[PDB]
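1. Need the 3D shape of this:
(chains A, B, C and D)
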Amino acid sequence: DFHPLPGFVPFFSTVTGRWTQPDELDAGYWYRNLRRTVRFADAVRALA
Amino acid sequence: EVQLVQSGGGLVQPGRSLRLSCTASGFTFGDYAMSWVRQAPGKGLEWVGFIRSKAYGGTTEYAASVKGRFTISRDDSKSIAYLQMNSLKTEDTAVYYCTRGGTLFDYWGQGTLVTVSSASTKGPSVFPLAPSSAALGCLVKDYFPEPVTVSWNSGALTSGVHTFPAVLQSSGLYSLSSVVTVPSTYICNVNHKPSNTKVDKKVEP
Amino acid sequence: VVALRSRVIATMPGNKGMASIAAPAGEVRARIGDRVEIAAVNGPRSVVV
Amino acid sequence: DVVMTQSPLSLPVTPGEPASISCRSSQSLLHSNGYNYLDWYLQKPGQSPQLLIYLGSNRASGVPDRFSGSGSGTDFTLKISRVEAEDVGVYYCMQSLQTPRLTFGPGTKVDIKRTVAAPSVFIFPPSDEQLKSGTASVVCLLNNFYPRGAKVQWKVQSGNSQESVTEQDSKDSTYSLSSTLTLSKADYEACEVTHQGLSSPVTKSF
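-> Numbering: from 1, shown residues only, chains lettered A, B, ... in the order given. The coordinates are given below.
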């Protein structure tokens, strides 16, 4: 619906390269989570 | 420690009796003089009356508005205070307080809802609120008793939300209006626990 | 959202399991699509495909 | 006669500032024993009150020593060194010199100090299905105004409107009013506030 809603703590969405995007709100979010690689090497390098 | 916890709340119509008991523990009961105060909803409180200690003996004072109606008794072996309602009328619809002293009300119990209303438990008449062109709301008319919580978007919207207090009309029924102030077609729900009347509403200008 | 996620995982899971291969990070990153796409590249030691 | 005791009402307090509340007495409350006979109480919004000061200056136990007070033979001053978020409620200047103890005073509803806002006057005609249900309730909703010093007028007069104000919130520190004009069937064929937020009356009708 076109009305405001509240949120919660920010997580780090890591699909695109490292953990840089807070969250993708696009309709292809589930698509990129299931198809586009997390590219974890960079993500875990930035984590460490 | 000390606790003057009360008991004896309920829903009555004018002309009958009600029980109010104040539990005393953690001190010698015969040393302090029991008093009782009444708190009208939304405005200031008022001393109902008091009883003097047994060692003093004395008498019992009550307010000028409760002469010949309310009596107070006390006992040490069971250490429970007694405030008695007889011939209740409308003004008695208020939360009463158990106070620990004739002139120094040095301790105060939580308070019990003593409600003397001419209505009985019924279902509410929820009425929406059409904006001019703004804020959107929905009235909750003709509900009894208070027990009602009103959320917007079924508990999803929390910013700018209201539950207006209980409204006292002469019929004994109550009114509530919940409103949200944000430009835009919202969902507001009212749940009356005693009547189980679950009302969902859709509002448009 | 919950209905969407449940539907996506229920209607077609496929037959793709998880495995690890010994390929360099940039070398294995070239595997895109074709049911051979990497699932989690993890340096040049071993990578999730 | 009965002692006239009226503390100055409406003392807003914002966290982190020194405030002071006075009180009045018709004749002296200072007795021959050299001690004053007025008590200080704060009424919790939502549950039971507690004791601040007795003897006019002697503080009670349990409460923190912030609740300081003193006074002259007639003039009294519960002189509160500071206030915080939980230091919001209704102060009662109850004197203890001539029982019976019926009147505690109108009470000082105290709140968080903030700059004067603009009262948002929202006129709301009643729903049409209400008009066929047997009743009618036009509400001139007022939101986000502070302090509460306004009453909703009803022209085209007043007398069928009720008063349903709430308490204060935390993050916004404002108030809202509900003027419910209960109405009947045939008389359905304008609301005003006089709040300090504005100067000129603002007229909007159903």
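
2. can we go C-alpha only for contacts and neighbour counts from here?
-> Noted.

3. Quick check: chain neighbours aside, which residue is closest to residue D:163?
-> What sits nearest to residue D:163 in space, not counting adjacent residues and going by C-alpha to C-alpha, 6 or more residues apart in numbering or on different chains, is residue D:179, at 5.7 Å.

4. contacting residues around the one you found?
-> By C-alpha atoms under 8 Å, 6 or more residues apart in numbering or on different chains, the contact list for residue D:179 reads D:139, D:140, D:141, D:152, D:161, D:162, D:163, D:164.

5. Return the distance of it relative to chain C.
-> As judged by C-alpha to the nearest C-alpha, to the nearest Å, residue D:179 and chain C stand 41 Å apart.

6. go on, residue B:164?
-> The gap separating residue B:164 from chain C is 33 Å, by C-alpha to the nearest C-alpha.

7. right, quick check: the helix or strand hosting residue B:113 against chain D, any contact?
-> Here residue B:113 is covered by strand B:112-116, with elements defined by DSSP states H and E. No: Strand B:112-116 stays clear of chain D (C-alpha under 8 Å from any C-alpha of the partner chain), getting no nearer than 10.2 Å.

8. In the next helix or strand after that strand, which residues are buried?
-> Per DSSP H and E, the first helix or strand lying C-terminal to strand B:112-116 is strand B:125-129. By neighbour count, with 16 or more other C-alpha atoms under 10 Å in any protein chain shown as the criterion, the buried positions of strand B:125-129 are B:126, B:127, B:128, B:129.

9. Reformat those residues as JSON lines; add distance to residue B:118.
-> Shown next, in JSON lines, are the buried residues of strand B:125-129 (distance: C-alpha to C-alpha, whole Å):
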{"residue": "B:126", "distance to residue B:118": "21"}
{"residue": "B:127", "distance to residue B:118": "23"}
{"residue": "B:128", "distance to residue B:118": "26"}
{"residue": "B:129", "distance to residue B:118": "28"}
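
10. And the residue of chain B closest to chain A?
-> Residue nearest to chain A within chain B (C-alpha to the nearest C-alpha): residue B:157, separated by 6.0 Å.

11. pretty sure that residue contacts residue A:4?
-> Yes: counting by C-alpha atoms under 8 Å, residue B:157 touches residue A:4, with 7.4 Å between them.

12. can you map out the helices along chain C?
-> Under the criterion DSSP state H, chain C contains helices at C:2-11, C:25-28.

13. of all these, which lies closest to chain B?
-> Set against chain B and scored by C-alpha to the nearest C-alpha, those come closest in helix C:2-11, at 16.4 Å.

14. quick check, distance from the closest one to the centre of its chain.
-> For helix C:2-11, the separation from the chain centroid amounts to 19 Å (computed by C-alpha atoms, centre = their mean, to the nearest Å).

15. May I see the buried residues of it?
-> The neighbour-count check on helix C:2-11 (16+ other C-alpha under 10 Å) flags nothing as buried.

16. other SSEs contacting that helix?
-> If contacts are counted by 3 or more C-alpha pairs under 8 Å, 6 or more residues apart in numbering or on different chains; DSSP states H and E, helix C:2-11 sits against no helix or strand.

17. which residues are in contact with it?
-> Under the contact criterion C-alpha under 8 Å, 6+ apart, helix C:2-11 has outside partners residue A:30.

18. Relative to the whole chain's centre, how far out is stretch B:82-95?
-> Relative to its chain's centre, stretch B:82-95 lies at 12 Å (C-alpha atoms, centre = their mean).

19. Quick one: end-to-end length of it, please.
-> 16 Å (C-alpha to C-alpha, to the nearest Å).

20. what's the answer for stretch D:124-142, then?
-> Counting by C-alpha to C-alpha: the opening and closing residues of stretch D:124-142 are 11 Å apart.

21. Stretch B:25-38 too?
-> 22 Å.

22. mind listing what's buried in it?
-> Neighbour counts using 16+ other C-alpha under 10 Å place B:29, B:30, B:32, B:33, B:34, B:35, B:36, B:37, B:38 of stretch B:25-38 among the buried residues.

23. Show me which of those is closest to chain D.
-> residue B:37 (8.5 Å).

24. Assign a three-state SS to the closest one, would you?
-> Using DSSP: H, G, I helix; E, B strand; the rest coil, the three-state assignment for residue B:37 comes out as strand.

25. Please identify the residues of chain B in proximity to chain A?
-> Selection of chain B residues close to chain A by C-alpha under 8 Å from any C-alpha yields B:156, B:157, B:158, B:184.

26. can you pull the contacts of the last one?
-> By that I understand residue B:184. Residue B:184 touches A:2, A:3, counting by C-alpha under 8 Å, 6+ apart.

27. measure it to residue A:2 for me?
-> Distance of residue B:184 to residue A:2, computed by C-alpha to C-alpha: 8 Å.

28. now the third one
-> From residue B:158 over to residue A:2 the distance is 16 Å, taken as C-alpha to C-alpha.

29. Tell me which of the two has more neighbours.
-> Using other C-alpha atoms under 10 Å in any protein chain shown, the more surrounded residue of residue B:158 and residue A:2 is residue B:158, with 14 against 7.

30. The more buried one contacts residue B:179, correct?
-> No: contact criterion C-alpha under 8 Å: residue B:158 and residue B:179 do not qualify, at 11.0 Å.

31. ok, the residue in chain B that chain D sits nearest to - contacts?
-> Among the residues of chain B, residue B:47 lies closest to chain D, at 4.5 Å counting by C-alpha to the nearest C-alpha. Shown in contact with residue B:47 (C-alpha under 8 Å, 6+ apart): B:35, B:36, B:37, B:38, B:63, D:101, D:102, D:103.

32. Quick check: the farthest pair among those?
-> B:35 and D:103 (13.9 Å; C-alpha to C-alpha).

33. As a check, name the ranges of all helices in the chain.
-> Going with chain A. With DSSP H as the criterion, chain A has helices spanning A:29-34, A:40-47.

34. please go with chain D instead
-> Per DSSP H, chain D carries helices over the ranges D:128-131.

35. Count the residues that sit near the closest residue in space to residue B:134 that isn't next to it in sequence.
-> Distances taken as C-alpha to C-alpha, 6+ apart put residue B:183 closest to residue B:134, at 5.6 Å, once the chain neighbours are dropped. Look at residue B:183: counted by other C-alpha under 10 Å, it has 10 neighbours.

36. I'd assumed residue B:183 was in a strand, is it?
-> No: secondary structure assignment (three-state DSSP) places residue B:183 in coil, not in a strand.

37. gap between it and chain C?
-> 25 Å.

38. hang on, the earlier thing: any chance of the residues of chain B next to chain A in JSON lines, with secondary structure too?
-> Listed next are these as JSON lines, based on three-state DSSP:
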{"residue": "B:156", "secondary structure": "coil"}
{"residue": "B:157", "secondary structure": "strand"}
{"residue": "B:158", "secondary structure": "coil"}
{"residue": "B:184", "secondary structure": "coil"}
